[PDB]
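The structure tokens that follow cover one protein chain in two forms, given apart as structure 1 and structure 2.
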Structure 1
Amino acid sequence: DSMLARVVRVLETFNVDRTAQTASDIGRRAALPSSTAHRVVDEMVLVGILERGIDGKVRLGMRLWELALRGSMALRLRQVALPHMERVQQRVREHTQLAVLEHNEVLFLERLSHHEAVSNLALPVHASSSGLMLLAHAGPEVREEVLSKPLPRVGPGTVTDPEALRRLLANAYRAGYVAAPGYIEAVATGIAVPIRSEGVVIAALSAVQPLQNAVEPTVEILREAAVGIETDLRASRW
């Protein structure tokens, strides 16, 4: 294998219950020849991805942690959200999504799709339930800043009258959800709720399901999941 693939295999011999190892134990646990193992370990120690600890064994290095922390804002949210999204999938059996607002555009970070989903997945801020929910919680400037500019009816059901949007956004803000019938397919609706962290809306959790399906049960499931994401983000320490 490439150097990098071997490095990853070495890293995957470590776990929360196995902090410190010898290079030989690494070799066995990664199924790497002893001499390859020692060489790969030594290169990893040189660049600080591993460190040689107080006990003579190697352990994961501070530099790996520091490097990973450079993406913590998106990566930690994604990693914490995913178990809650799985739970949503088990109950709804359609599609669940996680989204954030980045440079006044909606960036979808994760989507799950159930093999039995009836609805189908397919973008500007006004053209998804997620974007609408996020827009509803953005600053007053960002609302105006986006409403003045172009609002194409991107799908069949896409609301794009500046004044229809103000009422839609204001209701979403009060109610803690927004629905978006026919925004992607006329036969499908999108439902989004906010995810809070430290008092601010940082993301939106959404479902796509058939238009005819009841909306309120999905709002409840998404809320519960959004509450769980917040709890785990807030309570987690590492």
Structure 2
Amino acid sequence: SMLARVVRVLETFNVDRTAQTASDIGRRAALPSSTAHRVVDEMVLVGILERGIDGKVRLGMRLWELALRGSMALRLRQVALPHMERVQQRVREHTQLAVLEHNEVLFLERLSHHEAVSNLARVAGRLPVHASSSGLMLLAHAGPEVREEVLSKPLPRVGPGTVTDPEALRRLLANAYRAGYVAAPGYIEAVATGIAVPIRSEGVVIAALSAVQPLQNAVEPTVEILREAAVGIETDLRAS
């Protein structure tokens, strides 16, 4: 399909790849040279891609506009940001907002203080569900079918502290469901603890609000600050 070829072209761009030649796009998308050059030209023609004065193609401003305007991602981030900014003022590490997408964590927003701890979460970037405080919080509220899919895959260690045993994960998830937060000491990187709380709309967890902070930092203060922020978000969501 033309739409399938267009999506494969979009998929060649990534969090640290802004500009490509049609030949490189063809190679990354496993598309024949002629097909890659034709599809790229059509995408440039409608403004989904733009061609710079360097002759390389980039994701187009028209694509950005059509994808964000009125979107669930933009509306939630908009409601969330003032509350995320207050957490950032208080904790001065990282505040981020995430959803589940195809059994991975996708980040809608990330606020970072200068010389905060190392953080691998990227806006419009992904991390594993089982290893991420955000992922474990959201997976705790997913159906048994979603939990089974995720729990039945080989589960790599991401950081030193990553829990990979399916039944140990079920115990974590039950505790997180009960407690209304996940602390994840060194589950992504040795130096970092992720802490995540749920964001609810009409009694459904739609997102996770998280902090990333040095491993040795107190957990309880951050948990409380995120809960307060999450309450603010749910209030503001209910009337938006």
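Residue 1 is the first residue of structure 1, and the numbers go on in sequence order from there. Rigid core: the largest C-alpha set superposing within 1.5 Å between the two forms.
Q: Are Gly56 and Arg76 on a single rigid part, or not, between structure 1 and structure 2?
A: No, the two C-alpha atoms fit different parts' superpositions better.
Q: Once the larger parts are superposed on C-alpha atoms, what angle in degrees does the smaller rigid part turn through between structure 1 and structure 2?
A: Expressed in whole degrees, the smaller part rotates by 112 degrees between structure 1 and structure 2.
Q: In Å, how large is the CA movement of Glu51 between structure 1 and structure 2 relative to the superposed rigid core?
A: In the core superposition between structure 1 and structure 2, the C-alpha of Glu51 moves 28.3 Å.
Q: Aligning on the rigid core, what is the distance the CA of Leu67 moves between structure 1 and structure 2, in angstrom?
A: With the rigid core fitted, the alpha carbon of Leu67 is displaced 6.9 Å between structure 1 and structure 2.
Q: What does the CA of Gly155 shift by between structure 1 and structure 2 after fitting on the core? Give it in Å to one decimal.
A: For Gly155, the alpha-carbon shift amounts to 1.5 Å.
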